[PDB]
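Structure, as structure tokens:
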Amino acid sequence: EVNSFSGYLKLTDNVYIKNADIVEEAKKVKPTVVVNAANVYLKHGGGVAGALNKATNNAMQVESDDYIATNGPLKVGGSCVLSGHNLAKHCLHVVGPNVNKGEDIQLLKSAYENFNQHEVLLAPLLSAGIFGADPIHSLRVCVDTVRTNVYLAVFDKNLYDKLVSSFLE
Ligand SMILES: CC(C)[C@H](Nc1ncnc2[nH]c(-c3cnc(N)nc3)cc12)c1ccc2c(c1)S(=O)(=O)CCC2
């Protein structure tokens, strides 16, 4: 079965959300596209990106280093399409702004705009966690920006509950 997402709550006609680890979702669903919460040099050193790379047994990091060698770093708000390895057909590496490192929160709209080149995506909540954006604001930017079908996996039940309550106000 293709893109067999299960147990998501539909927020709008094109945005769904689940309390889940994106890595476990990707292994089960094998979506057409999994989004990585990348940085501009595609160094998957921790957090979501480190977890996705570990699930590929470091194949994602080797492929990422070869992309950077030929093409140079991404821009904040930009993306590139690379292999999905065992997690998906493709991985869309998207760079959201890291507010904790002084990057402009307005670039979060540009970051989500990359999703619109793909019909169906499994994605994390961009710029949340240690990137420092307000996660309720990130969900609002996602809902207002993404027009294709996005399945958000948020690996924290406390945050999931706050996000759903924030949406349903
Ligand atoms: C807001 C968080 C709950 C959310 N976390 C997550 N959301 C979804 N699937 C996840 N798997 C893991 C995980 C981590 N480590 C191991 N070993 N396995 C899986 C984390 C996780 C999240 C959302 C976006 C960002 C981050 C974190 S970050 O990594 O701090 C910086 C980049 C942007």
Side-chain angles (χ1 to χ4, degrees), residues 2-5 8 16-105 107-133 135 138-139 141-142 145-146 148-156 159-160:
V2 176
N3 288 318
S4 313
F5 296 100
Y8 283 72
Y16 300 84
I17 192 168
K18 190 179 179 179
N19 168 36
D21 177 358
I22 193 170
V23 173
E24 298 301 317
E25 287 295 298
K27 294 189 295 191
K28 194 142 183 126
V29 174
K30 53 269 216 149
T32 303
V33 177
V34 64
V35 172
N36 180 31
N39 57 36
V40 298
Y41 284 87
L42 302 185
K43 290 299 193 182
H44 310 309
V48 169
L52 286 166
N53 176 57
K54 180 177 181 212
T56 77
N57 296 73
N58 205 51
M60 173 184 288
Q61 185 66 73
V62 174
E63 179 197 27
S64 291
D65 289 350
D66 172 81
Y67 168 87
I68 292 286
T70 299
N71 298 276
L74 284 69
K75 293 294 284 174
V76 177
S79 69
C80 71
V81 180
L82 294 175
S83 178
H85 302 278
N86 49 301
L87 299 182
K89 181 183 189 166
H90 302 285
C91 177
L92 180 72
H93 295 267
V94 177
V95 185
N98 186 331
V99 166
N100 289 328
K101 302 301 181 181
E103 298 170 358
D104 186 359
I105 190 57
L107 291 167
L108 188 54
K109 178 164 209 58
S110 301
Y112 280 115
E113 278 174 347
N114 295 285
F115 289 26
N116 288 326
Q117 318 307 342
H118 299 280
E119 275 302 310
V120 179
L121 313 91
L122 168 65
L125 189 69
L126 298 180
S127 294
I130 77 168
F131 276 33
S138 183
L139 178 60
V141 178
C142 184
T145 306
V146 182
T148 57
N149 305 298
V150 58
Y151 291 81
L152 292 169
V154 175
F155 191 26
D156 177 341
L159 180 59
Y160 172 89

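Index from 1, following the sequence. Worth knowing before you read on, the calculation uses all heavy atoms, side chains too, and leaves out hydrogens, waters and symmetry mates.
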Within the 4.5 Å heavy-atom criterion, are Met60 and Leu82 side-chain neighbours or not? no

Test side-chain contact (heavy atoms from CB on, under 4.5 Å) applied to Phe155 - qualifying residues, sequence neighbours left out: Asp21

Going by ring-ring contact (aromatic ring centres under 6.0 Å, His included), name the pairs with one or both residues in residues 63-86, residues two or more places apart or in two chains. none

Residue pairs, two or more places apart or on separate chains, that pass salt bridge (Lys or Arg N to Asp or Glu O under 4.0 Å) and touch residues 85-104: none

Backbone of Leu92 reached by a side-chain donor or acceptor of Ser79 within 3.5 Å: no

A side-chain contact here means heavy atoms from C-beta on lying under 4.5 Å apart; do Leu121 and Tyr151 qualify? no

On a heavy-atom basis, the closest approach of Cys80 and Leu74 is N-CD2, 3.9 Å

Mind checking whether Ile22 and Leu152 have side chains closer than 4.5 Å, heavy atoms only? no

Which residues satisfy the side-chain contact (heavy atoms from CB on, under 4.5 Å) test with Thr145, sequence neighbours excluded? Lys109, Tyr112, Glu113, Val141

With sequence neighbours left out, which residue pairs that include part of residues 122-133 fulfil the salt bridge (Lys or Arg N to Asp or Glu O under 4.0 Å) condition? none

Identify each donor-acceptor pair in which a side-chain atom of residues 122-131 lies under 3.5 Å from a protein atom, sequence neighbours left out, and give them as a table.
residue: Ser127; atom: OG; partner: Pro97; partner atom: O; Å: 2.7

Can you name the nearest heavy-atom pair linking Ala133 to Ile105, along with the distance? CB-CD1, 3.8 Å

Ignoring hydrogens and angles, tell me if any N or O in the side chain of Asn149 forms a donor-acceptor pair with the backbone of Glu119 under 3.5 Å. yes

Test of understanding: with side-chain contact (heavy atoms from CB on, under 4.5 Å), list the residues that count as partners of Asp66, not counting sequence neighbours. none

Please tabulate, one pair per line, all N/O donor-acceptor pairs under 3.5 Å involving side-chain atoms of residues 38-50, not counting sequence neighbours.
residue: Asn39; atom: OD1; partner: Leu42; partner atom: N; Å: 3.1
residue: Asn39; atom: OD1; partner: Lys43; partner atom: N; Å: 3.0
residue: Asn39; atom: ND2; partner: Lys43; partner atom: O; Å: 3.0
residue: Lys43; atom: NZ; partner: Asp65; partner atom: OD1; Å: 2.9
residue: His44; atom: ND1; partner: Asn36; partner atom: ND2; Å: 3.3
residue: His44; atom: NE2; partner: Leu42; partner atom: O; Å: 3.3
residue: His44; atom: NE2; partner: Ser64; partner atom: OG; Å: 2.9

Kindly give the heavy-atom pair with the smallest separation between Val35 and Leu52, and that separation in Å. O-CD1, 4.0 Å

Sequence neighbours left out, what passes side chain to side chain donor-acceptor pair (under 3.5 Å) with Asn3? Give chain and number order. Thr32

Applying salt bridge (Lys or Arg N to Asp or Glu O under 4.0 Å), can you list everything that pairs with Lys30, at least two apart in sequence or on another chain? none

According to salt bridge (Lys or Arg N to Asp or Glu O under 4.0 Å), who are the partners of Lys27, at least two apart in sequence or on a separate chain? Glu24

Would you call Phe5 and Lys28 a side-chain contact if the rule is heavy atoms closer than 4.5 Å? no

Quick one: side chain to side chain donor-acceptor pair (under 3.5 Å) pairs with a partner in residues 47-59, sequence neighbours left out? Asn53-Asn58

